[PDB]
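Fold and contact review
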Amino acid sequence: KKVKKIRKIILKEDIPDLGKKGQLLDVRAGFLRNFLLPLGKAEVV
Amino acid sequence: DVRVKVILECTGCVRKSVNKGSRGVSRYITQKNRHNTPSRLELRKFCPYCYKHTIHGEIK
RNA sequence: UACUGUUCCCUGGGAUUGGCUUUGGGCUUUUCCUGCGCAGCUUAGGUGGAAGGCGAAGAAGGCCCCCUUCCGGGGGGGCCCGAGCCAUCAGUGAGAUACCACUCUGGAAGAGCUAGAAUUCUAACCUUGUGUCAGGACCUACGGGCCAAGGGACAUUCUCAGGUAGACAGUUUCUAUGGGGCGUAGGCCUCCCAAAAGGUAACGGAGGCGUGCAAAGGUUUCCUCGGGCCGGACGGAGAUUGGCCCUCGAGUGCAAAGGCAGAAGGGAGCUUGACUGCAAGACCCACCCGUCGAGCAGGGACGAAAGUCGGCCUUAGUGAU
RNA sequence: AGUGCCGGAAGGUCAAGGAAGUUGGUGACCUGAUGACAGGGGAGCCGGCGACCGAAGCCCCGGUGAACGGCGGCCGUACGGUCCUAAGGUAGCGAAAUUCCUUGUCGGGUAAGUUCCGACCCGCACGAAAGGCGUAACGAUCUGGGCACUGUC
RNA sequence: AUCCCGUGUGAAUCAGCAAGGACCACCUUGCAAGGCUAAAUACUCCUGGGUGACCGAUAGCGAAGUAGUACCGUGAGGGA
RNA sequence: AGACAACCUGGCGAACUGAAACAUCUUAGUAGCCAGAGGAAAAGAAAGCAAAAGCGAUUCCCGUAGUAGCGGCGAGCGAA
């Protein structure tokens, strides 16, 4: 069956690749939970 | 699969339905040799829904 | 290597569970080509809006390269050139991608759509430290915090799915029987034993069945087989043809018993009663089951008619819930 | 060869799980003739059927016997003919803790030995790590014979 | 069907949601995912009061006597 | 905090047996163990019944009824 995870990520840090310090782009929850929101580099809408 | 019972329906009272006195295909199941008489049977017989004496067509 | 399962283990889907990147998968639209049995100017699949498109919205022919190539000859970038080329017409089962409507074959660029990858990354996850960090004091004592080192979204763990160990579990594994075992048999039909109603046992004596036939059924008409003897080409003890003589010893799909003469045996014509609705009444019996059926009702079959026909000359060809 | 184990392309077979599509139910809403219900049937909502993708395993392919196991007939004159099989027992040993027939036969041992020793081979049905055959020693081991010794007799 | 659960998904809010034995339509009924609550009901190691077509020392509790004693058993335990 | 005859709530959970064998099924969610608490405990104030007629939280007895049912449609089980 499978389901893709789509989250509503607002940024804070510049981010090496995709960031603006103000994107509204979407990613999987594995980015927010494991990488960013521990470090405090982003937030949820 | 050498001598087999077979399904003699009617060509008279082909499948109809509505109006209380319902038509309901008559049928006769009886045996022929498959090897001897390779073309299908086509006997004439009584059919109690036709009230006549119809041709009873073979099928499967 | 009994049946059914359980576990160990392996394998996939899903959760834990993230990220870029290139290479060549499937499917969806734009647009563009492509697609030579034979007629033969035609490297044309089927079909179609129906006769001017197009050209000076910078043309015929050509220079050299590019795409395709069953090598027949398509298609095309730029331009010296400079504004023509041409549709029915004749060959075909079809007409010209002159304009353009709709789609099969097989393919070229972009866009979407996902999926399959290999690698690495690291931040989840796993693992290491006589590395460090201390309460009133130790941790070269389990562990805890902190930097770190190595793996790395695999692995572990949960669920779902398919496999795979008598490793482990619950069971099952017939009866007859001249003691059991070894064998043989287990249901149905015929004959004997069976004692002249029926019935009747034994691991008593003999055989068959688990079907066949659209005609070997139904009816209408016609026919008399079998074995000898004598004559006759091949032909003989025996094929065919004639006569004679006992006559039913023949045949009757298949074991036996009982039956069957102008027949139930052998041939021909026409057909489908191998039919629906039933059924007084009997036979057979522990029950379950089985068997015969006059006759009536309808609608036919065959015959001139009277009549005969709801399968087979009869008894085996079969299973309840 | 069979089984086991180990390794191995493509092909077949192949679950859960998706997945393009088919087909049904219900029904706003149009409709149809005398008989009392009947045709459809948009959206939504329900249920079925599934072209394709889908691993291990198994078939399939190779290797392995101090892996489970197995190691032949028939007919003629040491020698040949012929059949089957994956292959037909090599060395050794052999009447044995294996031998049925059986007290096999031959020799030794005894006046006399179905037990004993050595040889033969007709191994019913030994046999190479469920090892084969030998072997000094050792045995409250089995099994024969002698001396000494005695109430075992 | 209704009620509850592991795994994965994952709504709506009275123009709603759920039930009325799959399921859809129309009716009717109710408001899930927060709690609390006496009675009638079950029983007897036990206390008081009553009763017995109950027992009378091989009966009645095992036990009418200082009985779970004597005794047996490593022990659980058995048991006059 | 531990103890406490039965009754009770929750957790785990047999087999002999019956089916004339036996695995579905039955024995049974019974016996047992474990945890918990009261005089009772649990239940309990409708996302409930029922049928176009109505009822109004539980719990217990009579009844419906051995009926509707379920069931190798067998043994049996059995409601509202």
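As drawn, each chain counts its residues from 1 in written sequence order, possibly unlike the entry's numbers, and residues without coordinates are not displayed. Chains and ligands are labelled sequentially in the order written, the chains with letters from A and the ligands with numbers from 1. What is shown is a subset of a larger assembly, and the numbers refer only to that subset. Side-chain measures here rest on the full set of heavy atoms in the structure, leaving out hydrogens and waters.

Threshold: UniProt positions are given in the numbering used here, feature names are shortened, and annotations may be inferred rather than shown by experiment.
Under the PDB entry, the name given to chain B is 50S ribosomal protein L33, chloroplastic, and the organism recorded is Spinacia oleracea. The header of this PDB entry states its title as "Cryo-EM structure of the spinach chloroplast ribosome reveals the location of plastid-specific ribosomal proteins and extensions". On record in UniProt, under Function, the comment for chain B is "Component of the chloroplast ribosome (chloro-ribosome), a dedicated translation machinery responsible for the synthesis of chloroplast genome-encoded proteins, including proteins of the transcription and translation machinery and components of the photosynthetic apparatus."

Naming follows the PDB entry, where chain A appears as 50S ribosomal protein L9, chloroplastic of Spinacia oleracea.

A few points about the overall build of chain B
Short version of the rule: What counts as a helix is a DSSP run of H or I of at least four residues, what counts as a strand is a run of E of at least two, and both are numbered from the N terminus. Using a 1.4 Å probe on the protein chains alone, a residue whose accessible area is under 20% of its type maximum counts as buried, one over 50% counts as exposed, and one in between counts as partly exposed. Here a residue-residue contact requires only that any non-hydrogen atoms of the pair lie within 4.5 Å. A 1.4 Å probe and the Shrake-Rupley method give the accessible areas. Residues count as covered only by the protein chains that appear here. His is not counted, nor are the chain ends, whereas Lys and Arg count as positive and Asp and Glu as negative. All charge positions are set by atom: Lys at NZ, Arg at CZ, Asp at CG, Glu at CD.
Looking only at helices and strands, chain B has zero helices and four strands in total. Secondary structure elements in chain B, listed N-terminal to C-terminal, are β-β-β-β. Evaluated residue by residue, chain B yields a buried proportion of 25% over its 60 residues. Pairs at least 24 residues apart make up 53% of the contacts formed inside chain B by residues separated by at least 6 positions. About 4900 Å² of surface is accessible on chain B, with carbon and sulfur atoms providing 55% of the total. Here chain B holds 14 positive side-chain charges and 4 negative ones, and the gap between their average locations is 8 Å.

Focus on the environment of B:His56
Residues and elements named next belong to chain B. Cut-off, in case you're wondering: Under this definition, polar contacts are N or O atom pairs within 3.5 Å; protein pairs additionally need one hydrogen-donor-capable and one acceptor-capable atom, and for neighbouring residues in sequence, both atoms have to be side-chain atoms.
The residue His-56 is located in strand β4 (residues 55-57) in this model. Look at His-56 and you get buried, because its relative accessible area is 1%. When the C-alpha atoms of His-56 and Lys-5 are compared, they prove to be 15 Å apart, with 51 residues separating the residues in sequence. A polar atom in the side chain of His-56 sits 3.1 Å from the backbone oxygen of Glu-9.

Points about a nonpolar patch on the surface
All names here are of chain A. Filter applied, for reference: By definition, no residue in a patch forms a salt bridge, and every one has over 30% relative accessible area; like charges are joined within 9 Å, nonpolar side chains (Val, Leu, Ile, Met, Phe, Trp, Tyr) within 5 Å. The rule for a salt bridge is simple: a side-chain nitrogen of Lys or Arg has to be within 4 Å of a carboxyl oxygen of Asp or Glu.
Together, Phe-31, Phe-35 and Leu-39 make up a nonpolar patch on the protein surface, roughly 310 Å² of accessible area in all. Among the structural elements, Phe-35 can be located in helix α1 (residues 29-39). For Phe-35, a relative accessible area of 49% translates into the label partly exposed.

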